[PDB]
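Colleague: My questions all concern the structure below.
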Amino acid sequence: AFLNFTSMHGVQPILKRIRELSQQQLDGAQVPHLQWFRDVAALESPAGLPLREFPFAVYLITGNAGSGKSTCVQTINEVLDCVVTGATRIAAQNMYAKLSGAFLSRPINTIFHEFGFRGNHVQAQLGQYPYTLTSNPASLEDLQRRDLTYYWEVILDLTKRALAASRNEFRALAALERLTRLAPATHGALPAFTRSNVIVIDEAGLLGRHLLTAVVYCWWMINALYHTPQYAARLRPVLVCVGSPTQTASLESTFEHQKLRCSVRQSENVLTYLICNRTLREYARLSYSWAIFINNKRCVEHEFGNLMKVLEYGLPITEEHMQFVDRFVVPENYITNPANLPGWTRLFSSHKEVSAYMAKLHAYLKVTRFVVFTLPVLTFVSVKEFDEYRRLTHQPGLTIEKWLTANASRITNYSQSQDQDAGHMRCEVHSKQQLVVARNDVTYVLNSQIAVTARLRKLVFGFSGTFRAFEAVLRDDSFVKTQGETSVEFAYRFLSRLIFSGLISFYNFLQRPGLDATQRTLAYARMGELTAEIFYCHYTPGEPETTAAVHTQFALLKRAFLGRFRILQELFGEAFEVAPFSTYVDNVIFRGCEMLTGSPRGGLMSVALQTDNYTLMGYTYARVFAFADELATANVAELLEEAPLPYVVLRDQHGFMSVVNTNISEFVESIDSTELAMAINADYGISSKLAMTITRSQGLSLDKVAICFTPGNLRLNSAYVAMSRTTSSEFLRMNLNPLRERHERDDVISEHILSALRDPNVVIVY
Amino acid sequence: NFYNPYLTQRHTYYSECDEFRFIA
Amino acid sequence: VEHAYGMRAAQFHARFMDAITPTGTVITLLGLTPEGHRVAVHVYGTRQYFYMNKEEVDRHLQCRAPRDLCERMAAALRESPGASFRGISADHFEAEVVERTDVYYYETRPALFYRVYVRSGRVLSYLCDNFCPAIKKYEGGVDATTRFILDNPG
DNA sequence: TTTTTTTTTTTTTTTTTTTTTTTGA
C-alpha cells in the first residue's frame with residue numbers, strides 16, 4: 001500500500017504542469033490556417049513546400065522500462081483531458097490493461113490510427129526525397145519540413161484524403177446562434193484528435209523522429225477541417241511522450257528494387273530527437289518539462305540493480321561488474337541445445353540464428369517423442385503484378401523464387417515471417433482466378449504458450465478446465481467483463497447455452513474409482529434433491545432479444561450451475577473441484593492434434609487480443625462463415641473455398657478454447673510511384689515466445705532468458721536490453737560476458753539523461 | 001472429447017410418391 | 001464410411017461416434033436371429049492398413065518420424081488433383097513401426113516397416129495408387145472386411 | 001588467410017446466417 005506513495009505524491013507536479021502546457025493560447029497569426037493544408041495538397045513534390053511552423057508542446061516521461069511509469073499515465077487519464085495512444089499495438093493493449101485496472105479508459109488505439117494511417121501506407125516509400133537543411137542553427141521550421149519531406153508519401157496522402165473528402169461537422173454547431181463541446185458526442189465516428197490536445201504516446205521511443213512533427217501536423221489538420229473548439233480557443237498540441245530512452249530504438253527499412261537487398265538502418269526516435277536536439281530542447285523547454293521515473297519495481301535483487309544502473313547511466317564498467325556477470329555465462333552449445341533450459345526464452349542477434357534454433361528443437365522433440373505438427377501456410381502472387389513490376393525494375397528478368405528470396409519478409413508481419421521454420425515454397429500458377437500461388441509448411445509445437453501476432457477474430461467454442469474454474473468464471477462474471485459493457489447480452493446467451501450443454505459432465509465423474517457405493521448413492525440422491533428444487537431432464541433453453549431475458553433465464557442457469565458446482569464440491573470435497581470440466585456447444589472430439597467442432601453457429605463472435613497468452617491446441621477445419629468474411633481478395637477467396645483453410649485453435653489463460661481466422665497481407669511497394677496490390681500472404685501469424693531476437697525483445701518482458709551473443713557485433717545497448725527483460729537475475733543465462741568482451745558502447749543519450757538528472761527543473765519520481 | 005446427445009440418416013427409397021410417369 | 005455430423009442426431013454412445021468423427025468405416029454384419037429377426041450388427045474399430053519399408057520411406061521423403069510420413073501423405077491428399085480429401089489431418093493416418101518380412105524369396109530378412117492405419121479405405125486407394133509411387137506398399141489392396149475377418153481369429 | 005551482411009512498428013469495423021460425400025482411362 002506504501003508502494004504507490006512516491007508516485008502518488010510526485011505525479012502531482014507533473015499534472016500541475018501538463019495543465020498549463022495544454023491551456024496556453026497561441027497568438028492568432030501563429031495558428032496554422034486551413035489554407036495551409038489546402039496548399040499542401042496542391043504541392044506535388046515536397047520541395048516547393050513553404051517553411052511553415054506548426055506549434056506544439058511536449059512533456060517527457062522517461063524512466064526505466066517496467067519502472068511503473070504507467071502510474072503517471074494512470075493519474076493523467078483520470079484527471080486530465082487526454083487521448084492515450086501507443087507506439088505498438090502490444091504497448092497500446094498493455095496500457096489499456098493497466099488503465100482499465102483502475103478506472104474506465106476508452107479503447108486505446110495506436111497513434112498511427114489516430115493520425116489516419118491505413119493499409120496502403122504500410123508499404124510506402126518513406127525515405128525518398130532529399131533535404132539540404134538551411135540550418136546550423138536548425139530552425140524548427142526546417143526540422144518540421146525535413147520530417148514532412150521524409151514522410152511526403154504519407155503526409156500528402158493523409159492531407160489529400162482528409163481534404164478531398166468534401167462542411168457540417170463542428171462548423172455547423174459552432175453557428176448555433178451565429179455547443180461544439182457536445183458535438184463529438186452527437187456527431188459520432190469523429191476523429192479522437194478533435195476532442196483533446198494532450199496526446200499521450202507510450203513507448204514513444206519505438207517511433208522515429210519523422211513521426212513527431214507528423215503527429216503535430218496531423219493534429220492541426222484534424223482541428224482545421226472540423227474547426228474544433230480547441231482551434232477556436234487557439235490551443236496547441238502537447239505530446240506527453242512516455243518511454244524508455246535507453247531501452248528502445250527505432251529502425252528504418254528501405255528495399256532496393258534491383259539488388260533485392262532490404263536494408264535496415266538505425267534512426268533517431270522521438271525521445272532521442274527531443275532530448276538531443278538543441279532546437280527542440282529550447283522550443284519545447286525540456287528542462288521545465290521533463291519527468292524521470294527512477295525505480296525498477298519488479299527487480300528484487302541488489303547486484304542486478306547496480307548492473308542495470310551502470311548500464312543505463314553509462315557508468316564505467318569495473319572489475320566487480322565483470323565478476324558478477326561472470327556467474328551467468330553458460331557455453332554456446334548449452335543454450336542452443338534444446339534439451340537444456342526448458343521453458344526459457346532464448347534471444348539471438350540474428351533472424352537466421354532463430355530460424356536455425358527453432359528447427360533443431362523441432363527435430364529434438366520429434367525424434368525423442370508435445371507433438372511437432374505440420375500446418376499449411378500459402379502465398380498468392382499474380383502474373384500481371386510480377387510482369388509489370390519486372391518491367392518497371394529496369395530488369396525484366398527475375399524468377400518468382402528469386403522474387404520470394406527477400407519479399408517473403410516484406411509480404412506479412414516481419415517478426416514471425418523471418419523467425420519461423422518452414423518448408424520449400426511450391427509456387428504453382430493457379431491462374432484459374434488469374435493467379436500464381438505458393439505453398440510451404442510452418443511446423444509448430446503442440447501445447448505451447450504461443451502469442452498472437454496480428455489481429456485475429458477469436459470464436460470461443462467452450463471451456464476445458466475444472467469445475468472450480470468454471471464456478472469462478474460464473475461467480476465473478478469475469479468473462480462478461482472481457483466482452484465489454486455495451487453488449488453483455490451476447491456474453492450471457494453463450495454461458496447459458498454452455499451450462500445447459502455441460503450437464504452430462506457431472507454424470508461422467510459419477511464413474512470415479514475410490515468412491516463408496518453409498519458415497520455415489522448420496523451423490524445421485526443430492527442430484528435428485530437439487531432437481532427437486534430445480535438430472536438434465538428437459539430444461540427449456542434460449543431467450544428472446546430482451547435485456548431482462550439474459551438477467552432472468554441466465555440468472556436461473558448461473559444459479560443452477562453455481563449451486564450444482566458447490567453442491568457436489570461439498571459432496572466430493574476437493575476431488576470434484578479439481579475434476580476436469582469441459583463444456584462445449586457441440587460434440588467436440590480431439591484425437592491427437594486434429595480437433596472437430598462439427599458445425600458452428602457463431603454463438604459468441606469476438607476478437608483475439610495479441611497480448612493474451614494463448615496455448616496452441618490443434619487445427620480443426622470446421623469451416624466457419626464467421627472467419628469467412630472474404631469478399632484480388634475474391635480471386636483467392638474462391639481458392640480458399642477450394643482448399644479447406646485450416647483454423648488453428650488456441651487456449652487462453654482461463655482455458656477457454658478459441659478458434660481463430662487466418663491472416664492476409666499485401667505487398668505494394670514499387671519505384672515508379674505506382675503502388676499496386678502485388679501479393680497477398682495467407683498464413684496463421686502465431687509466435688512461439690520461446691525464441692526471438694534481441695531487437696523485438698525490447699517490446700515485451702520475459703520470464704526466463706538465455707541470451708546468445710555473437711562476438712564482434714556486441715553493442716552494450718543490446719546487452720542491456722537483453723539482460724533487462726527479466727525481473728530476477730537468478731533466471732538468466734548468457735553465451736559470453738558482454739562486459740568482458742569488446743563492446744561498442746554508444747553513451748551519448750546516457751550523458752543527456754545524466755545532465756537531466758542534474759537539473760533543478762527536471763522532476764525525478766522515485 | 002465432449003459429447004452431449006441432447007445437443008438421423010436419410011432413406012433414399014420411395015416411401016411416398018404423388019406423381020410419376022404414366023406409361024401403359 | 002459414415003460422416004459424424006451426418007449422424008449427429010443419431011445420439012450414439014462412445015466408440016460408435018468417435019470412430020466416424022471425420023468419416024469412418026463401419027463393418028455391418030447382416031443376418032438373422034434364430035427366431036427370424038433381421039439384425040445388422042454395425043461393428044466399429046476396423047481400419048484398413050498397409051506396410052511400407054521403414055528405411056525406404058525414411059529415405060524417399062526423410063520421414064524421420066512415423067507422423068512425418070502422415071504429414072507427407074496428407075500434403076499429397078491436399079495437392080490431390082480434385083478435392084476429395086478435404087480437411088484431412090495428420091490423425092486420420094496413425095502409424096507404427098512393425099518388424100515384418102516380405103513373403104517373396106527365402107533369403108529375405110525381416111525388415112522394419114511402418115504399418116499405416118488408414119480410415120475411409122478409399123483414401124487408402126489413393127494413398128496406395130498416388131502416394132510416392134516408387135515406394136512399395138504391401139497390403140494396400142486388402143479391404144476392411146478382410147481385416148475384420150483375419151484380425152479377429154475365428 | 002580475409003571475412004562479411006543486426007535488430008522494429010503501424011495496415012478495423014463488428015457481434016448471425018443456404019452442407020456435402022466414385023473417380024478415373
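Chain lettering (A, B, ...) mirrors the order of the C-alpha cells, residue numbering begins at 1 for each chain separately, and ligand numbering begins at 1 in order of display.
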Starting from chain D, keep only residues with some atom at most 10 Å from an atom of chain C, counting only C-alpha atoms (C1' of nucleotides), and report them as an NGL selection string.
Modeller: :D and (19-23)
Colleague: Just C-alpha atoms (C1' of nucleotides) for this one: save the residues we selected as a compact mmCIF listing (two decimals), in the first residue's frame.
Modeller:
```
# COMPACT_ATOMS: atom_id res chain seq x y z
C1' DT D 19 -23.87 -28.82 -46.32
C1' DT D 20 -21.71 -32.29 -48.79
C1' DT D 21 -19.72 -37.10 -49.71
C1' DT D 22 -16.89 -42.74 -57.01
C1' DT D 23 -13.13 -41.46 -59.68
```
Colleague: Chain C residues within 12 Å of chain A, counting only C-alpha atoms: which ones, as number ranges by chain?
Modeller: C: 3-9, 11-15, 17-23, 62-75, 77-94
Colleague: What are the residues of chain B that have an atom within 8 Å of an atom of chain C, counting only C-alpha atoms, as a ChimeraX atom specification?
Modeller: /B:5-6,8-9
Colleague: Quick check for you: according to DSSP on this backbone, which residues of range 640-704 of chain A are classed as helix (DSSP H, G or I)? Reply as a list in words.
Modeller: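 So the helix (DSSP H, G or I) residues in range 640-704 of chain A would be residues 640, 641, 642, 694, 695, 696 and 697 of chain A.
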Colleague: Can you list, as a list in words, every protein, DNA or RNA residue that comes within 8 Å of residue 9 in chain D when you count only C-alpha atoms (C1' of nucleotides), leaving out same-chain residues fewer than 2 positions away?
Modeller: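 Using only C-alpha atoms (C1' of nucleotides), the neighbours found are residues 87, 88, 206 and 207 of chain A.
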Colleague: With only C-alpha atoms (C1' of nucleotides) as the basis for distance, which of A:69, A:351, A:118, A:564 is at the shortest distance from chain D?
Modeller: A:118
Colleague: What are the nearest atom pairs, with distances in Å to one decimal, for all residues of chain D that come at most 9 Å from chain A, using only C-alpha atoms (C1' of nucleotides), set out by chain and rising residue number as a tab-separated table?
Modeller:
```
residue	atom	partner	partner_atom	distance
D:6	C1'	A:350	CA	6.0
D:7	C1'	A:695	CA	4.3
D:8	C1'	A:251	CA	5.8
D:9	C1'	A:88	CA	5.8
D:10	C1'	A:112	CA	5.9
D:11	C1'	A:119	CA	3.6
D:14	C1'	A:606	CA	8.4
D:15	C1'	A:605	CA	5.7
D:16	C1'	A:602	CA	6.8
D:17	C1'	A:601	CA	8.1
```
Colleague: Write out, as a short mmCIF file (atom, residue, chain, number, x, y, z; two decimals), in the first residue's frame, the residues just selected, with N, CA, C and O atoms (P, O5', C5', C4', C3', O3' and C1' of nucleotides).
Modeller:
```cif
data_model
loop_
_atom_site.label_atom_id
_atom_site.label_comp_id
_atom_site.auth_asym_id
_atom_site.auth_seq_id
_atom_site.Cartn_x
_atom_site.Cartn_y
_atom_site.Cartn_z
P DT D 6 24.77 -9.14 -39.46
"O5'" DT D 6 23.29 -9.63 -39.15
"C5'" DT D 6 22.95 -10.20 -37.87
"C4'" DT D 6 22.04 -9.27 -37.10
"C3'" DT D 6 20.73 -8.94 -37.82
"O3'" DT D 6 19.71 -9.87 -37.43
"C1'" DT D 6 21.73 -6.97 -36.82
P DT D 7 18.17 -9.74 -37.96
"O5'" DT D 7 17.50 -8.74 -36.92
"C5'" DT D 7 17.49 -9.05 -35.53
"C4'" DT D 7 17.19 -7.83 -34.71
"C3'" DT D 7 15.91 -7.12 -35.10
"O3'" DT D 7 14.83 -7.61 -34.30
"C1'" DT D 7 17.72 -5.55 -34.73
P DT D 8 13.41 -7.86 -34.89
"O5'" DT D 8 12.75 -6.41 -34.87
"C5'" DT D 8 12.58 -5.73 -33.63
"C4'" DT D 8 11.65 -4.55 -33.80
"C3'" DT D 8 10.29 -4.91 -34.35
"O3'" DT D 8 9.37 -5.08 -33.27
"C1'" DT D 8 11.20 -2.93 -35.41
P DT D 9 7.95 -5.73 -33.49
"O5'" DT D 9 7.05 -4.49 -33.92
"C5'" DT D 9 6.88 -3.39 -33.03
"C4'" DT D 9 6.13 -2.27 -33.72
"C3'" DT D 9 4.99 -2.73 -34.62
"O3'" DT D 9 3.77 -2.73 -33.88
"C1'" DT D 9 6.27 -0.92 -35.59
P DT D 10 2.53 -3.60 -34.37
"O5'" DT D 10 1.70 -2.56 -35.24
"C5'" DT D 10 1.22 -1.35 -34.65
"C4'" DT D 10 0.84 -0.36 -35.72
"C3'" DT D 10 0.02 -0.95 -36.85
"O3'" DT D 10 -1.36 -0.82 -36.55
"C1'" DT D 10 1.76 0.53 -37.67
P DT D 11 -2.36 -2.01 -36.71
"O5'" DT D 11 -2.68 -2.01 -38.28
"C5'" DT D 11 -3.35 -0.91 -38.87
"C4'" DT D 11 -3.54 -1.11 -40.35
"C3'" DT D 11 -4.14 -2.44 -40.73
"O3'" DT D 11 -5.55 -2.37 -40.69
"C1'" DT D 11 -2.28 -1.92 -42.15
P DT D 14 -19.19 -3.47 -40.00
"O5'" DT D 14 -19.51 -4.92 -39.44
"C5'" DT D 14 -18.45 -5.88 -39.32
"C4'" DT D 14 -18.42 -6.46 -37.92
"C3'" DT D 14 -19.78 -6.70 -37.29
"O3'" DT D 14 -20.25 -7.99 -37.66
"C1'" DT D 14 -18.16 -5.88 -35.70
P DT D 15 -21.78 -8.36 -37.57
"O5'" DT D 15 -21.83 -9.14 -36.19
"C5'" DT D 15 -20.88 -10.16 -35.92
"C4'" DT D 15 -20.92 -10.57 -34.47
"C3'" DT D 15 -22.32 -10.92 -33.97
"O3'" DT D 15 -22.30 -12.17 -33.28
"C1'" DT D 15 -21.32 -9.26 -32.57
P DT D 16 -23.68 -12.91 -32.80
"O5'" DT D 16 -24.16 -13.71 -34.09
"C5'" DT D 16 -25.08 -14.81 -33.96
"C4'" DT D 16 -26.18 -14.75 -35.00
"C3'" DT D 16 -26.38 -16.07 -35.76
"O3'" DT D 16 -27.77 -16.33 -35.97
"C1'" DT D 16 -25.94 -14.34 -37.30
P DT D 17 -28.27 -17.82 -36.25
"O5'" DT D 17 -28.25 -17.93 -37.83
"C5'" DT D 17 -29.20 -17.20 -38.63
"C4'" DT D 17 -28.75 -17.13 -40.07
"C3'" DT D 17 -28.50 -18.49 -40.74
"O3'" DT D 17 -29.31 -18.63 -41.92
"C1'" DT D 17 -26.72 -16.98 -41.19
#
```
Colleague: Which residues are close to residue 135 in chain C, i.e. within 7 Å by only C-alpha atoms (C1' of nucleotides), leaving aside same-chain residues fewer than 3 positions away? Reply as a ChimeraX atom specification.
Modeller: /C:56-57,132
Colleague: For a quick test of understanding: name the residues of chain B lying within 7 Å of chain A when counting only C-alpha atoms, and present them as a PyMOL selection string.
Modeller: chain B and resi 1-4+7
Colleague: Quick one: everything within 9 Å of range 99-112 of chain C, counting only C-alpha atoms (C1' of nucleotides), minus sequence neighbours fewer than 4 positions away in the same chain. Send it as a PyMOL selection string.
Modeller: chain C and resi 51-55+138
Colleague: For those residues, write C-alpha atoms to a file as a compact mmCIF listing (two decimals), in the first residue's frame.
Modeller:
```
# COMPACT_ATOMS: atom_id res chain seq x y z
CA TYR C 51 3.07 -51.52 -44.84
CA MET C 52 5.93 -49.53 -46.32
CA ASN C 53 9.58 -50.38 -45.70
CA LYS C 54 10.92 -48.18 -42.91
CA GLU C 55 14.26 -47.29 -44.48
CA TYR C 138 2.48 -54.05 -49.20
```
